[PDB]
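Just one chain is shown here, as structure tokens, and it is the form deposited without this ligand.
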């Protein structure tokens, strides 16, 4: 079974931890990868009910299981905060234009 389902993509907790650790390390070193500069602040325009505190940062999580290194980011993202806590897993899949919806 999937811990998080983003559209057709199935993710386990380990996938999220792996993705988060990569994004968080870049954040701490003050570096970004990709033309969209990940990781970067997530403003929560959608108004999701994140239990943990801000600031939030979005980092792409890939369906292939590979850690993002600069190419196409895809539709899925892990959102983490300043204390290295997972705020949530979101996706552009099933959402209008550039909006996000939560992964179930």
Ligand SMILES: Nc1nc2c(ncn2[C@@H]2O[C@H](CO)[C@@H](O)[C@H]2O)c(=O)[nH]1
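Positions refer to the first chain, counted from 1.
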Stretch with higher mean Cα temperature factor, 8 to 16 vs 21 to 29, is 21 to 29
Pick between 67 to 75 and 47 to 55: the one whose mean CA B-factor in the entry is higher. 47 to 55
Just say lowest, middle or highest third for the CA B-factor of residue 39 relative to the other modelled residues in its chain. middle
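The form solved in complex with this ligand exists for this protein as well; it is not shown, and the discussion that follows is about that form.
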Open vs blocked, site of this ligand as found in the deposited complex, superimposed, 2.4 Å to backbone or C-beta: open
Taking this ligand as it sits in the deposited complex, is residue 8 near enough to touch it, meaning that at least one heavy atom pair lies within 4.5 angstroms? no
Does at least one non-hydrogen atom of residue 62 fall within 4.5 angstroms of this ligand in the deposited complex? no
How about residue 74 - does it come within 4.5 Å of this ligand in the deposited complex, if we only consider non-hydrogen atoms? yes
Check whether residue 93 has any heavy atom within 4.5 Å of a heavy atom of this ligand in the deposited complex, and answer yes or no. yes
Just to make sure I understand: among 19 to 36, which residues lie within 4.5 Å of this ligand in the deposited complex, judging by heavy atoms? none
